[PDB]
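Q: Contents of input-v6.cif (mmCIF, C-alpha atoms and all ligand atoms) are below:
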```
data_model
#
loop_
_atom_site.label_atom_id
_atom_site.label_comp_id
_atom_site.auth_asym_id
_atom_site.auth_seq_id
_atom_site.Cartn_x
_atom_site.Cartn_y
_atom_site.Cartn_z
CA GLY A 14 0.00 0.00 0.00
CA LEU A 15 0.91 3.69 -0.31
CA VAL A 16 2.34 3.45 3.26
CA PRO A 17 3.97 0.91 5.58
CA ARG A 18 1.49 -0.81 7.90
CA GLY A 19 3.50 -0.17 11.09
CA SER A 20 5.07 -2.63 13.54
CA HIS A 21 2.46 -5.07 14.91
CA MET A 22 0.48 -3.81 17.94
CA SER A 23 2.54 -0.60 18.30
CA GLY A 24 5.68 -2.72 18.89
CA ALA A 25 8.19 -0.20 17.54
CA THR A 26 10.66 1.26 20.01
CA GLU A 27 9.98 4.95 20.70
CA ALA A 28 12.62 7.39 19.41
CA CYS A 29 13.12 11.19 19.36
CA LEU A 30 14.05 14.12 17.11
CA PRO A 31 15.51 16.75 19.44
CA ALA A 32 15.83 20.08 17.66
CA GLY A 33 18.62 21.57 19.82
CA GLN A 34 22.41 21.60 19.63
CA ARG A 35 23.79 18.07 19.47
CA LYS A 36 26.86 17.24 21.58
CA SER A 37 29.10 14.23 20.90
CA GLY A 38 29.08 11.60 23.66
CA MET A 39 27.14 10.47 26.69
CA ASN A 40 26.69 12.08 30.10
CA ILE A 41 27.98 10.08 33.09
CA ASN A 42 26.47 10.64 36.53
CA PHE A 43 28.15 9.06 39.59
CA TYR A 44 26.28 8.00 42.73
CA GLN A 45 27.42 6.73 46.11
CA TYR A 46 27.50 2.95 46.53
CA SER A 47 28.78 1.14 49.65
CA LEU A 48 31.97 -0.94 49.68
CA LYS A 49 31.09 -4.65 49.97
CA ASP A 50 27.32 -4.12 49.56
CA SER A 51 26.47 -7.12 47.41
CA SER A 52 22.70 -6.81 47.83
CA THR A 53 21.55 -3.26 46.97
CA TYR A 54 22.43 -3.61 43.28
CA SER A 55 20.48 -6.90 42.99
CA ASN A 56 17.15 -5.07 42.88
CA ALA A 57 15.56 -3.99 39.60
CA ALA A 58 14.12 -0.83 41.17
CA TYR A 59 17.54 0.26 42.42
CA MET A 60 19.19 -0.31 39.01
CA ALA A 61 16.37 1.43 37.08
CA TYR A 62 16.07 4.57 39.24
CA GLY A 63 16.80 3.95 42.95
CA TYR A 64 20.51 4.67 42.46
CA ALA A 65 19.65 8.37 42.15
CA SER A 66 18.22 8.42 45.71
CA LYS A 67 21.80 8.10 47.00
CA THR A 68 24.28 10.97 47.07
CA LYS A 69 25.25 12.21 43.63
CA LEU A 70 29.07 12.38 43.55
CA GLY A 71 29.58 14.34 40.36
CA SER A 72 29.41 13.98 36.58
CA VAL A 73 31.36 14.17 33.33
CA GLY A 74 29.89 14.83 29.88
CA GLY A 75 30.75 14.06 26.27
CA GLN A 76 31.97 10.51 26.81
CA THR A 77 32.23 8.32 23.70
CA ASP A 78 34.49 5.56 25.04
CA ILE A 79 32.01 3.84 27.34
CA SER A 80 33.37 0.41 28.32
CA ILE A 81 34.50 -0.13 31.93
CA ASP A 82 37.75 -1.97 32.77
CA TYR A 83 38.87 -1.03 36.25
CA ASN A 84 41.83 -2.79 37.85
CA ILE A 85 42.82 -2.43 41.51
CA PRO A 86 46.41 -1.49 42.45
CA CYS A 87 49.05 -4.06 43.35
CA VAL A 88 51.51 -2.44 45.79
CA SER A 89 54.57 -4.42 44.69
CA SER A 90 58.32 -4.55 45.25
CA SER A 91 58.79 -2.26 42.26
CA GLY A 92 56.00 0.29 42.94
CA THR A 93 52.23 0.50 42.52
CA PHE A 94 50.65 -0.73 39.30
CA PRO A 95 47.15 -1.77 38.26
CA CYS A 96 46.66 -5.57 38.19
CA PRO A 97 44.57 -7.22 35.43
CA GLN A 98 42.14 -9.53 37.27
CA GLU A 99 43.26 -12.62 35.33
CA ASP A 100 46.84 -11.94 36.45
CA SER A 101 45.94 -11.91 40.17
CA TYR A 102 46.89 -15.10 42.05
CA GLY A 103 47.38 -16.50 45.55
CA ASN A 104 46.75 -14.28 48.55
CA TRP A 105 47.76 -12.26 46.66
CA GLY A 106 50.21 -11.36 43.92
CA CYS A 107 50.00 -10.06 40.34
CA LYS A 108 51.83 -11.96 37.52
CA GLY A 109 55.09 -10.15 36.68
CA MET A 110 54.92 -8.04 39.91
CA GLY A 111 55.33 -10.56 42.74
CA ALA A 112 53.36 -10.44 45.98
CA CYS A 113 51.10 -7.44 46.61
CA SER A 114 51.13 -5.84 50.06
CA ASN A 115 47.73 -4.13 49.85
CA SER A 116 44.25 -5.42 50.56
CA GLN A 117 41.86 -6.41 47.76
CA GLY A 118 38.97 -5.47 50.03
CA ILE A 119 39.40 -1.74 50.69
CA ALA A 120 38.20 1.28 48.68
CA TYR A 121 40.64 2.68 46.08
CA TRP A 122 40.59 6.18 44.56
CA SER A 123 41.21 6.60 40.83
CA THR A 124 40.22 8.66 37.75
CA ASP A 125 39.96 5.45 35.66
CA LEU A 126 36.21 5.91 35.22
CA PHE A 127 35.96 8.67 32.57
CA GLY A 128 38.57 10.89 34.27
CA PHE A 129 36.32 11.49 37.28
CA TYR A 130 38.13 11.14 40.62
CA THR A 131 36.12 8.60 42.63
CA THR A 132 36.18 5.05 44.13
CA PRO A 133 35.77 2.60 41.21
CA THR A 134 35.85 -0.24 43.77
CA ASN A 135 32.48 0.95 45.01
CA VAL A 136 30.26 3.27 42.99
CA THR A 137 27.17 3.36 40.76
CA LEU A 138 27.12 5.31 37.51
CA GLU A 139 24.45 6.23 34.99
CA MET A 140 25.33 6.85 31.32
CA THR A 141 22.65 8.71 29.29
CA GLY A 142 22.53 9.94 25.74
CA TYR A 143 20.95 9.11 22.41
CA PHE A 144 21.97 6.38 19.98
CA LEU A 145 21.86 7.41 16.31
CA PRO A 146 21.49 4.43 13.97
CA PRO A 147 23.20 5.12 10.63
CA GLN A 148 21.41 2.03 9.20
CA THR A 149 17.84 0.76 9.53
CA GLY A 150 17.62 -2.73 11.02
CA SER A 151 18.28 -4.97 14.01
CA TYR A 152 21.02 -3.86 16.49
CA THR A 153 22.29 -6.25 19.15
CA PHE A 154 23.81 -4.60 22.23
CA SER A 155 25.96 -6.74 24.51
CA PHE A 156 27.92 -6.80 27.75
CA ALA A 157 30.88 -9.25 27.30
CA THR A 158 30.82 -9.69 31.09
CA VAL A 159 29.38 -7.78 34.11
CA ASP A 160 31.36 -7.02 37.30
CA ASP A 161 29.30 -6.39 39.34
CA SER A 162 25.78 -5.39 38.19
CA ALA A 163 24.44 -3.53 35.15
CA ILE A 164 21.45 -2.78 32.90
CA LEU A 165 21.17 -1.24 29.44
CA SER A 166 17.88 0.35 28.25
CA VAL A 167 17.03 1.68 24.79
CA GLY A 168 13.98 3.69 23.78
CA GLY A 169 11.78 6.65 24.65
CA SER A 170 9.94 5.93 27.93
CA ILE A 171 12.40 3.04 28.63
CA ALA A 172 15.85 4.68 28.90
CA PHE A 173 14.37 8.14 29.54
CA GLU A 174 11.82 10.55 28.01
CA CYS A 175 12.58 12.30 24.70
CA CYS A 176 14.15 15.78 25.01
CA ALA A 177 14.48 15.13 28.77
CA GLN A 178 17.86 13.41 29.07
CA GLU A 179 18.84 15.36 32.19
CA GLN A 180 15.72 14.64 34.26
CA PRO A 181 15.54 12.32 37.28
CA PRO A 182 15.46 8.69 36.08
CA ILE A 183 12.17 7.14 34.99
CA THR A 184 10.78 3.99 36.64
CA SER A 185 10.78 1.53 33.71
CA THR A 186 12.33 -1.87 34.48
CA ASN A 187 11.80 -3.00 30.90
CA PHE A 188 15.55 -3.42 30.33
CA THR A 189 17.08 -4.09 26.95
CA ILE A 190 19.92 -5.96 28.71
CA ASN A 191 19.29 -7.29 32.20
CA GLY A 192 22.77 -7.81 33.73
CA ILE A 193 21.56 -7.38 37.31
CA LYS A 194 23.71 -9.46 39.70
CA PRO A 195 21.62 -12.47 40.85
CA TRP A 196 20.84 -12.95 44.55
CA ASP A 197 22.75 -16.22 44.42
CA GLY A 198 25.21 -16.75 41.61
CA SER A 199 26.60 -15.26 38.43
CA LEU A 200 25.31 -14.43 34.96
CA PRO A 201 26.71 -15.89 31.77
CA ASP A 202 29.07 -13.80 29.68
CA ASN A 203 27.90 -12.10 26.49
CA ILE A 204 24.45 -11.09 27.74
CA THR A 205 22.58 -9.40 24.94
CA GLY A 206 19.48 -7.49 23.85
CA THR A 207 18.24 -6.55 20.39
CA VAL A 208 16.41 -3.42 19.20
CA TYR A 209 15.05 -2.71 15.71
CA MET A 210 16.04 0.87 14.86
CA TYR A 211 15.19 3.29 12.05
CA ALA A 212 18.10 5.29 10.59
CA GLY A 213 18.37 8.93 11.62
CA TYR A 214 16.12 8.85 14.68
CA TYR A 215 17.72 9.44 18.12
CA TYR A 216 17.04 6.53 20.53
CA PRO A 217 17.38 7.29 24.25
CA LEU A 218 20.06 5.06 25.76
CA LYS A 219 20.73 4.45 29.46
CA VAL A 220 23.40 2.24 31.03
CA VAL A 221 23.45 1.85 34.83
CA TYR A 222 26.56 0.14 36.22
CA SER A 223 27.56 -0.78 39.80
CA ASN A 224 30.57 -2.26 41.61
CA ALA A 225 30.88 -3.22 45.28
CA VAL A 226 34.47 -4.53 45.56
CA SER A 227 37.82 -4.44 43.75
CA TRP A 228 37.67 -5.11 39.98
CA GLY A 229 34.97 -3.56 37.86
CA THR A 230 34.25 -4.64 34.30
CA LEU A 231 31.67 -3.76 31.66
CA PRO A 232 32.76 -4.22 28.04
CA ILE A 233 29.98 -2.75 25.88
CA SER A 234 29.43 -3.59 22.18
CA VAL A 235 26.78 -3.29 19.52
CA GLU A 236 26.39 -5.43 16.41
CA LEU A 237 25.08 -3.34 13.49
CA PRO A 238 22.50 -4.49 10.89
CA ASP A 239 25.47 -4.93 8.48
CA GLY A 240 26.93 -7.59 10.83
CA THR A 241 29.92 -5.48 11.95
CA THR A 242 30.61 -4.81 15.65
CA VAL A 243 31.38 -1.53 17.39
CA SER A 244 33.04 -2.09 20.81
CA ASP A 245 33.99 0.40 23.56
CA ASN A 246 34.36 3.47 21.36
CA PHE A 247 30.86 4.64 20.31
CA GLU A 248 32.01 7.87 18.72
CA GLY A 249 29.67 8.81 15.86
CA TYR A 250 26.84 6.82 17.43
CA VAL A 251 26.14 8.52 20.78
CA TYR A 252 25.09 12.14 21.43
CA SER A 253 23.64 14.33 24.16
CA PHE A 254 21.13 17.19 24.04
CA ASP A 255 20.30 19.70 26.79
CA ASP A 256 16.72 19.24 28.06
CA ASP A 257 14.00 20.96 26.11
CA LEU A 258 10.81 19.98 27.81
CA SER A 259 8.94 22.52 25.60
CA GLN A 260 9.70 20.87 22.27
CA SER A 261 6.22 19.50 21.55
CA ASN A 262 7.05 17.28 18.55
CA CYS A 263 10.16 15.70 20.13
CA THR A 264 8.74 12.17 20.77
CA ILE A 265 8.20 9.77 17.87
CA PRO A 266 6.16 6.91 19.33
CA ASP A 267 6.38 4.91 16.11
CA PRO A 268 9.32 5.61 13.81
CA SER A 269 8.02 2.89 11.41
CA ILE A 270 5.25 5.22 10.26
CA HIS A 271 6.62 8.70 10.96
CL CL B 301 47.33 1.47 40.28
CL CL B 302 54.78 -12.81 39.82
GD GD B 303 37.91 2.32 26.48
GD GD B 304 40.29 5.45 25.91
GD GD B 305 40.03 1.67 32.29
GD GD B 306 40.70 -6.87 32.15
GD GD B 307 39.92 5.19 31.75
GD GD B 308 43.25 2.47 31.35
GD GD B 309 40.58 3.62 29.34
GD GD B 310 6.43 8.36 28.13
GD GD B 311 33.80 -6.29 41.50
GD GD B 312 25.35 -11.63 12.74
GD GD B 313 41.35 1.60 26.25
GD GD B 314 21.53 21.11 30.90
#
```
Can you dump the structure from the file as structure tokens?
Ligand SMILES: [Cl-]
Ligand SMILES: [Cl-]
Ligand SMILES: [Gd]
Ligand SMILES: [Gd]
Ligand SMILES: [Gd]
Ligand SMILES: [Gd]
Ligand SMILES: [Gd]
Ligand SMILES: [Gd]
Ligand SMILES: [Gd]
Ligand SMILES: [Gd]
Ligand SMILES: [Gd]
Ligand SMILES: [Gd]
Ligand SMILES: [Gd]
Ligand SMILES: [Gd]
A:
Amino acid sequence: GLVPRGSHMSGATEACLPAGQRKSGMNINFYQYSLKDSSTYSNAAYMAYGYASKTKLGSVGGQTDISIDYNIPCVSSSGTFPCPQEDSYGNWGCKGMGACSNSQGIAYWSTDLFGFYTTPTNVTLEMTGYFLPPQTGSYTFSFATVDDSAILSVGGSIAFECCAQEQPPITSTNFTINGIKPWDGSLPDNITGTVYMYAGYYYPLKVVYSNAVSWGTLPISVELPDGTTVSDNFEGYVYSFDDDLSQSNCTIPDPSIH
């Protein structure tokens, strides 16, 4: 027919067309999270919005390299160097450094997380921005692994509301990737979620990430409709806009018919 019929039962993901000045990269907000608290981040409500009820520590904007790979220090015979988790051994040492004198179980201060000076051993962060598909089709987002707890949400009224990136978080627990740390046990690696996206619309994107102890890890990728994979560096794909709650036409509830 003259027009497409639309995704079945309004199934299209909501997207946005913000009219303001586009900024490269995502905004990162940092919130307090307690060292060795292995229970708070196991709740869907906390990971969707509850994190923002705790003290906000600070923020950084314009971040395009969004994967997390935080390594604790090994205080070694030859100085203090970050230890890759797979190189830690015993009680404890780091391969190529010998025995480490420092505890794995205390807070450590570092700018490793997006240049913001904080405790990557124990913190919760929220990444917000808009994903711009250059190609129409199915996109598969993935976390290679999650240490400790994380979610990824895509879509208007799922990640956040259109033209309202900076507002308090919305309550949706309809996660695109549920990487919430289970009450007992661990999640597989390569946890994934797929979204069908229309080229040139801006899709709200939220990642909430938490760590309680020592190493923190969140390697983020997306597989494009063309079968190629973008990992870590999302430059050219992720953007921010200042709130404009007055832009009436900003929400596109169904990009398949717009
Ligand atoms: Cl270090
Ligand atoms: Cl060694
Ligand atoms: Gd990176
Ligand atoms: Gd980097
Ligand atoms: Gd890092
Ligand atoms: Gd690593
Ligand atoms: Gd870094
Ligand atoms: Gd680094
Ligand atoms: Gd880095
Ligand atoms: Gd909404
Ligand atoms: Gd951890
Ligand atoms: Gd594929
Ligand atoms: Gd890097
Ligand atoms: Gd703003």
Q: A:116, A:141, A:242, A:76: which is nearest ligand GD 309 (chain B), counting only C-alpha atoms and all ligand atoms?
A: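 Smallest separation from ligand GD 309 (chain B) among the options: A:76.
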Q: Which of these, A:222, A:83, A:72, A:33, has the shortest distance to ligand CL 301 (chain B) once you count all atoms listed in the file?
A: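 Smallest distance to ligand CL 301 (chain B) is found for A:83.
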Q: Collect all residues with atoms no farther than 6 Å from ligand GD 305 (chain B), counting only C-alpha atoms and all ligand atoms, and output them as a CSV table (one decimal) with C-alpha atoms, keeping the file's coordinate frame.
A:
```csv
chain,number,residue,atom,x,y,z
A,81,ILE,CA,34.5,-0.1,31.9
A,82,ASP,CA,37.8,-2.0,32.8
A,83,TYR,CA,38.9,-1.0,36.2
A,125,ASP,CA,40.0,5.4,35.7
```
Q: Give me, as JSON lines, each residue of chain A that comes within 12 Å of ligand GD 314 (chain B), together with its shortest interatomic pair and the distance in Å at one decimal, counting all atoms listed in the file, with rows ordered by chain and rising residue number.
A:
```
{"residue": "A:33", "atom": "CA", "partner": "B:GD314", "partner_atom": "GD", "distance": 11.5}
{"residue": "A:34", "atom": "CA", "partner": "B:GD314", "partner_atom": "GD", "distance": 11.3}
{"residue": "A:36", "atom": "CA", "partner": "B:GD314", "partner_atom": "GD", "distance": 11.4}
{"residue": "A:40", "atom": "CA", "partner": "B:GD314", "partner_atom": "GD", "distance": 10.4}
{"residue": "A:74", "atom": "CA", "partner": "B:GD314", "partner_atom": "GD", "distance": 10.5}
{"residue": "A:176", "atom": "CA", "partner": "B:GD314", "partner_atom": "GD", "distance": 10.8}
{"residue": "A:177", "atom": "CA", "partner": "B:GD314", "partner_atom": "GD", "distance": 9.5}
{"residue": "A:178", "atom": "CA", "partner": "B:GD314", "partner_atom": "GD", "distance": 8.7}
{"residue": "A:179", "atom": "CA", "partner": "B:GD314", "partner_atom": "GD", "distance": 6.5}
{"residue": "A:180", "atom": "CA", "partner": "B:GD314", "partner_atom": "GD", "distance": 9.3}
{"residue": "A:253", "atom": "CA", "partner": "B:GD314", "partner_atom": "GD", "distance": 9.8}
{"residue": "A:254", "atom": "CA", "partner": "B:GD314", "partner_atom": "GD", "distance": 7.9}
{"residue": "A:255", "atom": "CA", "partner": "B:GD314", "partner_atom": "GD", "distance": 4.5}
{"residue": "A:256", "atom": "CA", "partner": "B:GD314", "partner_atom": "GD", "distance": 5.9}
{"residue": "A:257", "atom": "CA", "partner": "B:GD314", "partner_atom": "GD", "distance": 8.9}
{"residue": "A:258", "atom": "CA", "partner": "B:GD314", "partner_atom": "GD", "distance": 11.2}
```
Q: Under the rule that all atoms listed in the file are counted, which of A:190, A:235, A:251, A:138 is the nearest residue to residue 223 in chain A?
A: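 The closest residue to residue 223 in chain A is A:138.
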Q: Neighbours of ligand GD 303 (chain B) within 7 Å, counting all atoms listed in the file, as a PyMOL selection string?
A: chain A and resi 78-81+245-246
Q: At most 9 Å is the cut-off: for each residue in chain A with any atom that close to an atom of ligand GD 312 (chain B), write down the nearest atom pair and the distance in Å rounded to one decimal, counting all atoms listed in the file, chain first then increasing number, as JSON lines.
A:
```
{"residue": "A:153", "atom": "CA", "partner": "B:GD312", "partner_atom": "GD", "distance": 8.9}
{"residue": "A:236", "atom": "CA", "partner": "B:GD312", "partner_atom": "GD", "distance": 7.3}
{"residue": "A:237", "atom": "CA", "partner": "B:GD312", "partner_atom": "GD", "distance": 8.3}
{"residue": "A:238", "atom": "CA", "partner": "B:GD312", "partner_atom": "GD", "distance": 7.9}
{"residue": "A:239", "atom": "CA", "partner": "B:GD312", "partner_atom": "GD", "distance": 7.9}
{"residue": "A:240", "atom": "CA", "partner": "B:GD312", "partner_atom": "GD", "distance": 4.7}
{"residue": "A:241", "atom": "CA", "partner": "B:GD312", "partner_atom": "GD", "distance": 7.7}
```
Q: Could you work out how far CA of residue 58 in chain A lies from CA of residue 129 in chain A, giving the answer in Å with one decimal?
A: 25.7 Å
Q: Residues within 10 Å of ligand CL 302 (chain B) (all atoms listed in the file), as a PyMOL selection string?
A: chain A and resi 89+100-102+105-113
Q: Would you mind exporting C-alpha atoms of the selected residues as a PDB file, in the frame of the given file?
A:
```pdb
ATOM      1  CA  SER A  89      54.570  -4.420  44.690  1.00  0.00           C
ATOM      2  CA  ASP A 100      46.840 -11.940  36.450  1.00  0.00           C
ATOM      3  CA  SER A 101      45.940 -11.910  40.170  1.00  0.00           C
ATOM      4  CA  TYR A 102      46.890 -15.100  42.050  1.00  0.00           C
ATOM      5  CA  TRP A 105      47.760 -12.260  46.660  1.00  0.00           C
ATOM      6  CA  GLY A 106      50.210 -11.360  43.920  1.00  0.00           C
ATOM      7  CA  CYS A 107      50.000 -10.060  40.340  1.00  0.00           C
ATOM      8  CA  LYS A 108      51.830 -11.960  37.520  1.00  0.00           C
ATOM      9  CA  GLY A 109      55.090 -10.150  36.680  1.00  0.00           C
ATOM     10  CA  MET A 110      54.920  -8.040  39.910  1.00  0.00           C
ATOM     11  CA  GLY A 111      55.330 -10.560  42.740  1.00  0.00           C
ATOM     12  CA  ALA A 112      53.360 -10.440  45.980  1.00  0.00           C
ATOM     13  CA  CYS A 113      51.100  -7.440  46.610  1.00  0.00           C
TER      14      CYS A 113
END
```
Q: Would you mind listing, for every residue of chain A within 10 Å of ligand GD 306 (chain B), the two atoms forming the shortest contact and the distance between them in Å to one decimal, using only C-alpha atoms and all ligand atoms, sorted by chain and ascending residue number, as JSON lines?
A:
```
{"residue": "A:81", "atom": "CA", "partner": "B:GD306", "partner_atom": "GD", "distance": 9.2}
{"residue": "A:82", "atom": "CA", "partner": "B:GD306", "partner_atom": "GD", "distance": 5.8}
{"residue": "A:83", "atom": "CA", "partner": "B:GD306", "partner_atom": "GD", "distance": 7.4}
{"residue": "A:84", "atom": "CA", "partner": "B:GD306", "partner_atom": "GD", "distance": 7.1}
{"residue": "A:96", "atom": "CA", "partner": "B:GD306", "partner_atom": "GD", "distance": 8.6}
{"residue": "A:97", "atom": "CA", "partner": "B:GD306", "partner_atom": "GD", "distance": 5.1}
{"residue": "A:98", "atom": "CA", "partner": "B:GD306", "partner_atom": "GD", "distance": 5.9}
{"residue": "A:99", "atom": "CA", "partner": "B:GD306", "partner_atom": "GD", "distance": 7.1}
{"residue": "A:100", "atom": "CA", "partner": "B:GD306", "partner_atom": "GD", "distance": 9.0}
{"residue": "A:228", "atom": "CA", "partner": "B:GD306", "partner_atom": "GD", "distance": 8.6}
{"residue": "A:229", "atom": "CA", "partner": "B:GD306", "partner_atom": "GD", "distance": 8.7}
{"residue": "A:230", "atom": "CA", "partner": "B:GD306", "partner_atom": "GD", "distance": 7.2}
{"residue": "A:231", "atom": "CA", "partner": "B:GD306", "partner_atom": "GD", "distance": 9.6}
{"residue": "A:232", "atom": "CA", "partner": "B:GD306", "partner_atom": "GD", "distance": 9.3}
```
Q: Using only C-alpha atoms, which residues sit within 12 Å of residue 26 in chain A once same-chain residues fewer than 5 positions away are excluded, as a ChimeraX atom specification?
A: /A:19-21,151,166-172,187,189,207-211,214-218,264-270
Q: From the options A:159, A:184, A:226, A:66, which residue's atoms come nearest to ligand GD 310 (chain B), counting all atoms listed in the file?
A: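 Closest residue, counting all atoms listed in the file: A:184.
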Q: Just the residues within 7 Å of residue 47 in chain A, please, counting all atoms listed in the file, with nothing from its chain fewer than 2 positions along; format it as a list in words.
A: residues 45, 49, 50, 135 and 225 of chain A
Q: Work out how far CA of residue 137 in chain A is from CA of residue 88 in chain A, in Å to one decimal.
A: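 Going from CA of residue 88 in chain A over to CA of residue 137 in chain A covers 25.5 Å.
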Q: Please report the interatomic distance between CA of residue 55 in chain A and CA of residue 73 in chain A in Å with one decimal.
A: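 According to the coordinates, CA of residue 55 in chain A and CA of residue 73 in chain A are separated by 25.6 Å.
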Q: Check every protein, DNA and RNA residue against ligand GD 307 (chain B), keep those with an atom at most 7 Å away (counting all atoms listed in the file), and present them as a list in words.
A: residues 124, 125, 126, 127 and 128 of chain A
Q: Quick test: take range 242-261 of chain A, keep C-alpha atoms, and write it as an mmCIF file, in the first residue's frame.
A:
```
data_model
loop_
_atom_site.group_PDB
_atom_site.id
_atom_site.type_symbol
_atom_site.label_atom_id
_atom_site.label_comp_id
_atom_site.auth_asym_id
_atom_site.auth_seq_id
_atom_site.Cartn_x
_atom_site.Cartn_y
_atom_site.Cartn_z
ATOM 1 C CA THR A 242 30.612 -4.808 15.654
ATOM 2 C CA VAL A 243 31.385 -1.528 17.391
ATOM 3 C CA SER A 244 33.044 -2.088 20.813
ATOM 4 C CA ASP A 245 33.986 0.405 23.555
ATOM 5 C CA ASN A 246 34.363 3.475 21.360
ATOM 6 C CA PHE A 247 30.856 4.640 20.309
ATOM 7 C CA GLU A 248 32.012 7.872 18.723
ATOM 8 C CA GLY A 249 29.672 8.808 15.863
ATOM 9 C CA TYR A 250 26.837 6.816 17.433
ATOM 10 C CA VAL A 251 26.138 8.520 20.785
ATOM 11 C CA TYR A 252 25.091 12.138 21.426
ATOM 12 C CA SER A 253 23.639 14.326 24.155
ATOM 13 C CA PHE A 254 21.126 17.189 24.037
ATOM 14 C CA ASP A 255 20.304 19.695 26.786
ATOM 15 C CA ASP A 256 16.722 19.236 28.055
ATOM 16 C CA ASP A 257 14.001 20.957 26.106
ATOM 17 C CA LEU A 258 10.806 19.980 27.810
ATOM 18 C CA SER A 259 8.939 22.516 25.602
ATOM 19 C CA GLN A 260 9.696 20.866 22.267
ATOM 20 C CA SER A 261 6.217 19.498 21.546
#
```
